[PDB]
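Student: This one is structure.txt, compact mmCIF, C-alpha atoms and all ligand atoms.
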```txt
# COMPACT_ATOMS: atom_id res chain seq x y z
CA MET M 1 -25.93 -11.76 -49.51
CA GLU M 2 -28.08 -8.60 -49.67
CA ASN M 3 -31.34 -10.35 -50.55
CA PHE M 4 -30.47 -14.07 -50.20
CA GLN M 5 -29.18 -16.63 -47.70
CA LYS M 6 -27.09 -19.44 -49.21
CA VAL M 7 -28.37 -22.64 -47.64
CA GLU M 8 -25.98 -24.87 -49.60
CA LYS M 9 -24.01 -25.34 -52.78
CA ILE M 10 -26.08 -27.76 -54.83
CA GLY M 11 -23.38 -28.03 -57.48
CA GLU M 12 -21.56 -26.82 -60.57
CA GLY M 13 -23.81 -25.77 -63.41
CA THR M 14 -23.00 -25.14 -67.06
CA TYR M 15 -22.47 -21.39 -66.48
CA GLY M 16 -21.49 -21.31 -62.81
CA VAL M 17 -22.13 -22.46 -59.26
CA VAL M 18 -25.73 -23.19 -58.26
CA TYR M 19 -26.86 -22.78 -54.67
CA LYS M 20 -29.95 -23.71 -52.72
CA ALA M 21 -30.83 -20.33 -51.24
CA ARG M 22 -33.53 -18.58 -49.22
CA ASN M 23 -34.98 -15.17 -50.06
CA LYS M 24 -34.79 -13.13 -46.86
CA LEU M 25 -37.94 -11.15 -47.66
CA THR M 26 -40.22 -14.07 -48.60
CA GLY M 27 -38.44 -16.98 -46.93
CA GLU M 28 -38.87 -19.03 -50.13
CA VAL M 29 -36.11 -21.42 -51.10
CA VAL M 30 -34.88 -21.34 -54.66
CA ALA M 31 -32.09 -22.53 -56.90
CA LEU M 32 -29.80 -19.54 -57.37
CA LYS M 33 -27.43 -19.80 -60.31
CA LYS M 34 -24.44 -17.49 -60.59
CA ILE M 35 -23.42 -16.83 -64.17
CA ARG M 36 -19.68 -17.01 -64.83
CA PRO M 45 -23.76 -8.94 -72.66
CA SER M 46 -26.83 -6.70 -72.74
CA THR M 47 -28.41 -8.93 -75.38
CA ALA M 48 -28.18 -11.90 -73.02
CA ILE M 49 -29.98 -9.88 -70.36
CA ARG M 50 -32.77 -9.09 -72.80
CA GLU M 51 -33.09 -12.67 -74.08
CA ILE M 52 -32.96 -14.32 -70.68
CA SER M 53 -35.45 -11.84 -69.32
CA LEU M 54 -37.89 -12.97 -72.00
CA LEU M 55 -37.61 -16.48 -70.55
CA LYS M 56 -39.24 -15.35 -67.28
CA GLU M 57 -42.46 -15.33 -69.33
CA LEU M 58 -42.34 -19.07 -69.98
CA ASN M 59 -44.85 -20.87 -67.77
CA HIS M 60 -45.62 -24.56 -68.15
CA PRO M 61 -46.01 -27.40 -65.60
CA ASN M 62 -42.99 -29.19 -67.03
CA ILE M 63 -40.62 -26.25 -67.14
CA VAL M 64 -38.73 -25.13 -63.99
CA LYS M 65 -39.87 -21.53 -63.48
CA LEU M 66 -37.30 -18.74 -63.87
CA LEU M 67 -38.45 -16.43 -61.09
CA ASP M 68 -35.93 -13.65 -61.59
CA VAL M 69 -32.96 -12.34 -63.50
CA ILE M 70 -30.77 -10.29 -61.19
CA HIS M 71 -28.13 -8.03 -62.57
CA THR M 72 -26.49 -6.16 -59.69
CA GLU M 73 -23.01 -5.05 -58.69
CA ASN M 74 -22.19 -6.16 -62.25
CA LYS M 75 -22.90 -9.84 -61.56
CA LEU M 76 -25.60 -12.00 -63.13
CA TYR M 77 -27.77 -14.37 -61.09
CA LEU M 78 -30.71 -16.47 -62.25
CA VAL M 79 -33.32 -17.38 -59.64
CA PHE M 80 -35.26 -20.58 -60.30
CA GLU M 81 -38.03 -22.37 -58.43
CA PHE M 82 -36.48 -25.11 -56.31
CA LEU M 83 -37.23 -28.76 -57.05
CA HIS M 84 -36.79 -31.78 -54.83
CA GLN M 85 -34.20 -33.91 -56.70
CA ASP M 86 -32.61 -34.30 -60.14
CA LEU M 87 -33.17 -37.30 -62.40
CA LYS M 88 -29.48 -38.22 -62.29
CA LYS M 89 -29.66 -38.84 -58.54
CA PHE M 90 -33.02 -40.55 -58.87
CA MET M 91 -31.67 -42.96 -61.52
CA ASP M 92 -28.62 -43.71 -59.35
CA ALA M 93 -30.93 -44.28 -56.39
CA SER M 94 -33.14 -46.58 -58.50
CA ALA M 95 -30.26 -48.52 -60.05
CA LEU M 96 -30.79 -51.75 -58.10
CA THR M 97 -34.32 -52.27 -59.30
CA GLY M 98 -34.73 -49.68 -62.03
CA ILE M 99 -37.38 -46.97 -62.30
CA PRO M 100 -40.74 -48.63 -62.89
CA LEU M 101 -41.88 -48.55 -66.51
CA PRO M 102 -45.10 -46.65 -65.72
CA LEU M 103 -43.02 -43.92 -64.10
CA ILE M 104 -40.49 -43.89 -66.95
CA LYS M 105 -43.45 -43.49 -69.35
CA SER M 106 -44.97 -40.68 -67.24
CA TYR M 107 -41.66 -38.81 -67.12
CA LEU M 108 -40.99 -39.13 -70.85
CA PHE M 109 -44.57 -37.96 -71.54
CA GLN M 110 -44.20 -34.90 -69.31
CA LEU M 111 -40.77 -34.01 -70.68
CA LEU M 112 -42.15 -34.15 -74.23
CA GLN M 113 -44.95 -31.79 -73.12
CA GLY M 114 -42.34 -29.39 -71.80
CA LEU M 115 -40.36 -29.65 -75.01
CA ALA M 116 -43.48 -29.23 -77.17
CA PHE M 117 -44.24 -26.04 -75.25
CA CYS M 118 -40.73 -24.54 -75.46
CA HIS M 119 -40.36 -25.43 -79.11
CA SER M 120 -43.76 -23.94 -79.98
CA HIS M 121 -42.36 -20.77 -78.44
CA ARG M 122 -39.17 -21.04 -80.49
CA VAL M 123 -37.02 -21.81 -77.47
CA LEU M 124 -34.51 -24.64 -77.55
CA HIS M 125 -32.63 -26.16 -74.67
CA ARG M 126 -29.59 -27.66 -76.48
CA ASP M 127 -28.10 -29.31 -73.38
CA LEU M 128 -30.66 -31.62 -71.90
CA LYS M 129 -29.18 -34.13 -69.46
CA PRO M 130 -30.40 -35.95 -66.36
CA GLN M 131 -28.72 -33.27 -64.24
CA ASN M 132 -31.15 -30.58 -65.46
CA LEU M 133 -34.33 -32.67 -65.32
CA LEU M 134 -35.85 -32.14 -61.89
CA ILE M 135 -38.56 -34.11 -60.12
CA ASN M 136 -40.89 -33.56 -57.18
CA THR M 137 -42.71 -35.80 -54.71
CA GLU M 138 -45.96 -35.49 -56.67
CA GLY M 139 -44.73 -37.29 -59.78
CA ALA M 140 -43.96 -34.27 -61.92
CA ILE M 141 -40.69 -33.81 -63.79
CA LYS M 142 -39.45 -30.48 -65.15
CA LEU M 143 -36.82 -29.22 -67.58
CA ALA M 144 -34.43 -26.59 -66.28
CA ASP M 145 -32.27 -24.14 -68.28
CA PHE M 146 -34.21 -23.90 -71.55
CA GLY M 147 -33.01 -21.07 -73.77
CA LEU M 148 -29.84 -20.31 -71.81
CA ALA M 149 -27.60 -21.83 -74.48
CA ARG M 150 -28.79 -19.38 -77.14
CA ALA M 151 -28.71 -16.38 -74.79
CA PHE M 152 -25.22 -17.30 -73.54
CA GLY M 153 -23.45 -20.01 -75.54
CA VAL M 154 -20.22 -21.70 -74.43
CA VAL M 163 -15.80 -31.56 -67.47
CA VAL M 164 -18.76 -31.21 -69.85
CA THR M 165 -20.90 -34.29 -70.56
CA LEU M 166 -21.23 -35.16 -74.24
CA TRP M 167 -23.43 -38.21 -73.72
CA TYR M 168 -26.65 -36.53 -74.82
CA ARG M 169 -25.28 -34.49 -77.74
CA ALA M 170 -27.07 -34.93 -81.08
CA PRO M 171 -24.87 -36.10 -83.99
CA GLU M 172 -25.37 -32.91 -86.04
CA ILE M 173 -23.79 -30.93 -83.19
CA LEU M 174 -20.85 -33.35 -82.92
CA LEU M 175 -20.37 -33.05 -86.70
CA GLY M 176 -19.96 -29.31 -86.30
CA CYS M 177 -23.25 -28.03 -87.71
CA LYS M 178 -23.62 -24.41 -86.55
CA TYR M 179 -27.41 -24.16 -86.83
CA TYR M 180 -29.37 -25.91 -84.11
CA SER M 181 -32.96 -27.08 -84.43
CA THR M 182 -35.59 -28.42 -82.03
CA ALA M 183 -34.39 -31.86 -83.10
CA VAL M 184 -31.32 -31.68 -80.83
CA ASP M 185 -33.60 -31.75 -77.74
CA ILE M 186 -35.52 -34.79 -79.01
CA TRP M 187 -32.21 -36.65 -79.54
CA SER M 188 -31.09 -35.85 -75.99
CA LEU M 189 -34.46 -36.90 -74.53
CA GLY M 190 -34.21 -40.11 -76.58
CA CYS M 191 -30.82 -40.83 -74.97
CA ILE M 192 -32.28 -40.14 -71.53
CA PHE M 193 -35.30 -42.40 -72.21
CA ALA M 194 -32.96 -45.27 -73.13
CA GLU M 195 -30.87 -44.69 -70.02
CA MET M 196 -33.91 -44.79 -67.71
CA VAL M 197 -34.91 -48.09 -69.28
CA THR M 198 -31.56 -49.91 -69.30
CA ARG M 199 -30.02 -48.22 -66.27
CA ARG M 200 -26.95 -47.44 -68.30
CA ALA M 201 -25.98 -44.45 -70.45
CA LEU M 202 -26.75 -45.16 -74.09
CA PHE M 203 -23.72 -43.35 -75.60
CA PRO M 204 -21.14 -42.71 -72.89
CA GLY M 205 -18.46 -40.93 -74.89
CA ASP M 206 -15.37 -39.54 -73.23
CA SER M 207 -14.58 -37.10 -76.07
CA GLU M 208 -16.24 -35.63 -79.13
CA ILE M 209 -14.91 -38.30 -81.49
CA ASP M 210 -15.50 -41.10 -78.99
CA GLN M 211 -19.07 -39.83 -78.54
CA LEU M 212 -19.62 -39.77 -82.28
CA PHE M 213 -18.16 -43.23 -82.90
CA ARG M 214 -20.16 -44.72 -80.05
CA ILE M 215 -23.29 -43.46 -81.83
CA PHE M 216 -21.99 -44.82 -85.15
CA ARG M 217 -21.23 -48.24 -83.65
CA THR M 218 -24.81 -48.54 -82.45
CA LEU M 219 -26.91 -46.83 -85.10
CA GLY M 220 -24.54 -47.46 -87.98
CA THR M 221 -22.22 -44.94 -89.64
CA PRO M 222 -24.58 -42.45 -91.36
CA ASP M 223 -24.45 -41.96 -95.12
CA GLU M 224 -26.31 -39.90 -97.73
CA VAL M 225 -29.09 -42.48 -97.88
CA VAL M 226 -30.25 -42.14 -94.28
CA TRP M 227 -28.94 -38.57 -93.79
CA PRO M 228 -28.84 -36.48 -96.99
CA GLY M 229 -26.16 -33.83 -96.59
CA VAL M 230 -24.17 -35.61 -93.90
CA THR M 231 -20.99 -36.03 -95.95
CA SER M 232 -20.80 -32.24 -96.35
CA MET M 233 -21.04 -31.42 -92.66
CA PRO M 234 -18.13 -29.40 -91.19
CA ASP M 235 -16.39 -32.14 -89.24
CA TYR M 236 -17.50 -35.11 -91.31
CA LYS M 237 -14.50 -37.07 -92.67
CA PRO M 238 -14.71 -39.67 -95.45
CA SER M 239 -12.27 -41.63 -93.32
CA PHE M 240 -14.81 -42.40 -90.56
CA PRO M 241 -15.00 -46.15 -90.03
CA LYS M 242 -18.10 -47.72 -91.54
CA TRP M 243 -19.99 -49.61 -88.84
CA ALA M 244 -23.22 -51.50 -89.51
CA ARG M 245 -26.41 -50.66 -87.63
CA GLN M 246 -27.16 -52.75 -84.57
CA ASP M 247 -30.60 -54.27 -84.13
CA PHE M 248 -32.65 -52.04 -81.87
CA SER M 249 -33.94 -54.99 -79.83
CA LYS M 250 -30.37 -55.27 -78.53
CA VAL M 251 -30.08 -51.58 -77.59
CA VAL M 252 -32.82 -51.30 -74.96
CA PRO M 253 -34.02 -54.97 -74.41
CA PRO M 254 -36.62 -54.51 -71.68
CA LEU M 255 -38.53 -51.98 -73.77
CA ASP M 256 -41.62 -53.16 -75.65
CA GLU M 257 -42.07 -52.50 -79.38
CA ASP M 258 -44.01 -49.27 -78.91
CA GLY M 259 -41.21 -47.87 -76.77
CA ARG M 260 -38.56 -49.06 -79.22
CA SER M 261 -40.43 -47.63 -82.20
CA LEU M 262 -40.75 -44.27 -80.43
CA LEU M 263 -37.09 -44.32 -79.41
CA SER M 264 -35.99 -45.12 -82.96
CA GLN M 265 -37.93 -42.08 -84.18
CA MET M 266 -36.26 -39.91 -81.57
CA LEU M 267 -32.84 -41.16 -82.66
CA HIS M 268 -33.09 -40.70 -86.44
CA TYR M 269 -29.80 -39.29 -87.74
CA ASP M 270 -31.38 -36.65 -89.96
CA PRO M 271 -32.69 -33.87 -87.67
CA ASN M 272 -35.48 -33.35 -90.19
CA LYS M 273 -36.66 -36.98 -89.95
CA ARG M 274 -36.45 -37.04 -86.16
CA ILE M 275 -39.94 -37.01 -84.55
CA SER M 276 -41.21 -33.74 -83.02
CA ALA M 277 -42.16 -33.52 -79.37
CA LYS M 278 -45.75 -32.81 -80.49
CA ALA M 279 -45.96 -35.88 -82.73
CA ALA M 280 -44.21 -38.03 -80.10
CA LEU M 281 -46.98 -37.17 -77.60
CA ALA M 282 -49.44 -38.90 -79.93
CA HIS M 283 -47.34 -42.07 -80.23
CA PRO M 284 -49.06 -45.37 -79.20
CA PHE M 285 -46.48 -45.78 -76.45
CA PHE M 286 -48.48 -43.25 -74.44
CA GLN M 287 -51.91 -44.83 -74.88
CA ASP M 288 -51.81 -46.11 -71.30
CA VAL M 289 -49.80 -43.32 -69.65
CA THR M 290 -50.59 -42.53 -66.00
CA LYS M 291 -48.93 -40.37 -63.38
CA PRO M 292 -47.36 -42.57 -60.66
CA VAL M 293 -45.82 -41.22 -57.46
CA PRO M 294 -42.10 -41.82 -57.22
CA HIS M 295 -40.39 -43.09 -54.06
CA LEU M 296 -38.08 -40.17 -53.36
CA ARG M 297 -35.50 -40.20 -50.59
CA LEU M 298 -34.89 -36.57 -49.69
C1 LIG C 1 -25.46 -27.96 -60.47
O1 LIG C 1 -26.71 -27.55 -60.22
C2 LIG C 1 -27.79 -27.54 -61.14
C3 LIG C 1 -27.66 -28.01 -62.55
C4 LIG C 1 -28.83 -27.98 -63.46
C5 LIG C 1 -30.10 -27.49 -62.97
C6 LIG C 1 -30.26 -27.02 -61.58
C7 LIG C 1 -31.60 -26.52 -61.12
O2 LIG C 1 -32.28 -25.64 -61.87
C8 LIG C 1 -32.22 -27.00 -59.84
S1 LIG C 1 -31.44 -28.11 -58.85
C9 LIG C 1 -32.77 -28.09 -57.76
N1 LIG C 1 -32.87 -28.83 -56.59
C10 LIG C 1 -32.10 -29.94 -56.18
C11 LIG C 1 -32.41 -30.54 -54.87
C12 LIG C 1 -31.66 -31.68 -54.40
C13 LIG C 1 -30.56 -32.27 -55.20
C14 LIG C 1 -30.23 -31.71 -56.51
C15 LIG C 1 -30.98 -30.57 -57.00
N2 LIG C 1 -33.76 -27.25 -58.14
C16 LIG C 1 -33.45 -26.63 -59.32
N3 LIG C 1 -34.29 -25.75 -59.92
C17 LIG C 1 -29.08 -27.05 -60.67
```
Is it possible to express this structure as structure tokens?
Tutor:
Amino acid sequence: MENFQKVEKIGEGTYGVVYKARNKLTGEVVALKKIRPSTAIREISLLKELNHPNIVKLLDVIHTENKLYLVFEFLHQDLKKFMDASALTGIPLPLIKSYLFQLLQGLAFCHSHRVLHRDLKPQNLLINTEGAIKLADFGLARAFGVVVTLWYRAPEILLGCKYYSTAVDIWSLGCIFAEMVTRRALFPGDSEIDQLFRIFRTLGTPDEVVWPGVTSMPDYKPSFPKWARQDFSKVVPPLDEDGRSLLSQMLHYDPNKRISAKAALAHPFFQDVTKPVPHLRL
């Protein structure tokens, strides 16, 4: 187009097609996302001012010929592909730990700036050859808002709560952490109810004891089956107790009891964190 050269279609994003493109003027390659409101323009534009090592930079918001494009710094590979590529032997624990640590740093930053992601998934976690991992698309959900993956959706969202909190991002990261460790999605639901019951079958059907206010949620039904909680040691076996304790805190039903990114960074699991180099096949 006028100021870009579409190198390739890197895929279908939440709001539209995403292409690997090259800016004709600078020659820089970026991830150009076509969006499929004047308030959205204002909000999104504010996001350009979010700089952190673990957040994919939003270089530009382009509103021309009545189309909306978001220009992002280009990263080497997404975690989804990396996990698939590492499925035979699994991502080494030190690297899993480094990634979780960095992602929490990115979340702690966004959240301290009152920005939520709401749709964290391996597809929007990007890595580079130097061992960094970054979160892409923070704050787009709020600015915009509505086959979609439900695997990383927090239970409060599934139960129809209309007010999101920073806790939904911790839940999603918890699901991703488990998946890196076991090499299998933690809650692979095929529908909203299947997603919810898969969570219930593992963590136990929530009640007013563990989640005060749950029985009054919009889509909660007294007729939900009552499953008992499974022992955590069976959920992510290869993980040591520090990792399991941290994961359990990231998967608390009550958003208010769920650990914050900031507090998670101080968890004992990270006492020996390092920054390994991943073996990336580009
Ligand atoms: C469907 O497309 C998506 C979905 C969610 C996030 C992004 C995104 O921001 C990206 S992808 C990317 N490089 C990349 C290089 C090789 C393989 C896959 C992605 N770099 C950025 N910045 C793209």
Student: Which residue is closest to residue 150 of chain M? Choose from M:123, M:215, M:7, M:177 and count all atoms listed in the file.
Tutor: M:123
Student: Please, what distance in Å, to one decimal, runs between atom CA of residue 204 of chain M and atom CA of residue 237 of chain M?
Tutor: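 Taking atom CA of residue 204 of chain M as the start and atom CA of residue 237 of chain M as the end point, the length is 21.6 Å.
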Student: Do you know which residues are within 9 Å of ligand LIG 1 (chain C) using only C-alpha atoms and all ligand atoms? Can you write them as JSON, numbers by chain?
Tutor: {"M": [9, 10, 11, 12, 13, 14, 16, 17, 18, 19, 20, 30, 31, 32, 33, 64, 65, 66, 79, 80, 81, 82, 83, 84, 85, 86, 87, 88, 89, 129, 130, 131, 132, 133, 134, 135, 142, 143, 144, 145, 298]}
Student: Using all atoms listed in the file, which residue out of M:70, M:140, M:99, M:25 lies closest to residue 52 of chain M?
Tutor: M:70
Student: What is the atom CA of residue 243 of chain M to atom CA of residue 163 of chain M distance in Å?
Tutor: 28.3 Å
Student: Restricting the calculation to only C-alpha atoms, which member of M:118, M:184, M:29, M:141 is positioned closest to residue 90 of chain M?
Tutor: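 Ranked by minimum distance to residue 90 of chain M, first place goes to M:141.
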Student: Between M:296, M:128, M:76, M:175, which one has atoms that come closest to residue 209 of chain M, using all atoms listed in the file?
Tutor: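 Of M:296, M:128, M:76, M:175, the one nearest residue 209 of chain M, counting all atoms listed in the file, is M:175.
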Student: Atom CA of residue 272 of chain M and atom CA of residue 287 of chain M, how far apart in Å?
Tutor: 25.2 Å
Student: Find the residue from M:240, M:187, M:152, M:203 that sits nearest to residue 271 of chain M; use only C-alpha atoms when measuring.
Tutor: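 Comparing M:240, M:187, M:152, M:203 against residue 271 of chain M, the winner is M:187.
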Student: I'd like the neighbourhood of residue 171 of chain M as an NGL selection string, where a residue qualifies if any of its atoms comes within 12 Å (using only C-alpha atoms), though same-chain residues fewer than 4 positions away should be ignored.
Tutor: :M and (166-167 or 175-177 or 180 or 183-188 or 191 or 203 or 208-216 or 219 or 221-222 or 227 or 230 or 233-236 or 267-271 or 274)
Student: Keeping C-alpha atoms for every residue in the selection just given, could you write it to a file as a JSON list (two decimals), in the coordinates of the input?
Tutor:
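Once written, result26.json looks like this:
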```json
[["chain", "number", "residue", "atom", "x", "y", "z"],
["M", 166, "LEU", "CA", -21.23, -35.16, -74.24],
["M", 167, "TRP", "CA", -23.43, -38.21, -73.72],
["M", 175, "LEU", "CA", -20.37, -33.05, -86.70],
["M", 176, "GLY", "CA", -19.96, -29.31, -86.30],
["M", 177, "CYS", "CA", -23.25, -28.03, -87.71],
["M", 180, "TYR", "CA", -29.37, -25.91, -84.11],
["M", 183, "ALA", "CA", -34.39, -31.86, -83.10],
["M", 184, "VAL", "CA", -31.32, -31.68, -80.83],
["M", 185, "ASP", "CA", -33.60, -31.75, -77.74],
["M", 186, "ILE", "CA", -35.52, -34.79, -79.01],
["M", 187, "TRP", "CA", -32.21, -36.65, -79.54],
["M", 188, "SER", "CA", -31.09, -35.85, -75.99],
["M", 191, "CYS", "CA", -30.82, -40.83, -74.97],
["M", 203, "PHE", "CA", -23.72, -43.35, -75.60],
["M", 208, "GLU", "CA", -16.24, -35.63, -79.13],
["M", 209, "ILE", "CA", -14.91, -38.30, -81.49],
["M", 210, "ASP", "CA", -15.50, -41.10, -78.99],
["M", 211, "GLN", "CA", -19.07, -39.83, -78.54],
["M", 212, "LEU", "CA", -19.62, -39.77, -82.28],
["M", 213, "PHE", "CA", -18.16, -43.23, -82.90],
["M", 214, "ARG", "CA", -20.16, -44.72, -80.05],
["M", 215, "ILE", "CA", -23.29, -43.46, -81.83],
["M", 216, "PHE", "CA", -21.99, -44.82, -85.15],
["M", 219, "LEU", "CA", -26.91, -46.83, -85.10],
["M", 221, "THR", "CA", -22.22, -44.94, -89.64],
["M", 222, "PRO", "CA", -24.58, -42.45, -91.36],
["M", 227, "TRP", "CA", -28.94, -38.57, -93.79],
["M", 230, "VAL", "CA", -24.17, -35.61, -93.90],
["M", 233, "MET", "CA", -21.04, -31.42, -92.66],
["M", 234, "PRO", "CA", -18.13, -29.40, -91.19],
["M", 235, "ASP", "CA", -16.39, -32.14, -89.24],
["M", 236, "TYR", "CA", -17.50, -35.11, -91.31],
["M", 267, "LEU", "CA", -32.84, -41.16, -82.66],
["M", 268, "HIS", "CA", -33.09, -40.70, -86.44],
["M", 269, "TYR", "CA", -29.80, -39.29, -87.74],
["M", 270, "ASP", "CA", -31.38, -36.65, -89.96],
["M", 271, "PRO", "CA", -32.69, -33.87, -87.67],
["M", 274, "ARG", "CA", -36.45, -37.04, -86.16]]
```
Student: If we count all atoms listed in the file, what is near residue 263 of chain M at a cut-off of 8 Å, once residues fewer than 4 positions away on the same chain are taken out, given as JSON, numbers by chain?
Tutor: {"M": [190, 193, 194, 259, 267]}
Student: Between M:34, M:122, M:291, M:199, which residue has the minimum interatomic distance to residue 105 of chain M, considering all atoms listed in the file?
Tutor: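 Smallest distance to residue 105 of chain M is found for M:291.
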Student: For the interface of segment 119-240 of chain M with segment 246-254 of chain M (cut-off 8 Å, counting all atoms listed in the file), please tabulate each contacting residue of segment 119-240 of chain M alongside its nearest pair of atoms and their separation in Å to one decimal, rows sorted by chain and increasing number, as JSON lines.
Tutor:
```
{"residue": "M:194", "atom": "CA", "partner": "M:252", "partner_atom": "CA", "distance": 6.3}
{"residue": "M:197", "atom": "CA", "partner": "M:252", "partner_atom": "CA", "distance": 6.9}
{"residue": "M:198", "atom": "CA", "partner": "M:252", "partner_atom": "CA", "distance": 6.0}
{"residue": "M:217", "atom": "CA", "partner": "M:246", "partner_atom": "CA", "distance": 7.5}
{"residue": "M:218", "atom": "CA", "partner": "M:246", "partner_atom": "CA", "distance": 5.3}
{"residue": "M:219", "atom": "CA", "partner": "M:246", "partner_atom": "CA", "distance": 5.9}
{"residue": "M:220", "atom": "CA", "partner": "M:246", "partner_atom": "CA", "distance": 6.8}
```
Student: Using C-alpha atoms, can you export the residues from the last selection as a PDB file, keeping the file's coordinate frame?
Tutor:
```pdb
ATOM      1  CA  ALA M 194     -32.960 -45.270 -73.130  1.00  0.00           C
ATOM      2  CA  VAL M 197     -34.910 -48.090 -69.280  1.00  0.00           C
ATOM      3  CA  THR M 198     -31.560 -49.910 -69.300  1.00  0.00           C
ATOM      4  CA  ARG M 217     -21.230 -48.240 -83.650  1.00  0.00           C
ATOM      5  CA  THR M 218     -24.810 -48.540 -82.450  1.00  0.00           C
ATOM      6  CA  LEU M 219     -26.910 -46.830 -85.100  1.00  0.00           C
ATOM      7  CA  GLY M 220     -24.540 -47.460 -87.980  1.00  0.00           C
TER       8      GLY M 220
END
```
Student: Starting from 8 Å padding per side, set up an axis-aligned box that covers all listed atoms of segment 241-256 of chain M and hand over centre and edge lengths in Å, one decimal, as AutoDock Vina command-line options.
Tutor:
```
--center_x -28.3 --center_y -50.7 --center_z -81.6 --size_x 42.6 --size_y 25.1 --size_z 35.9
```
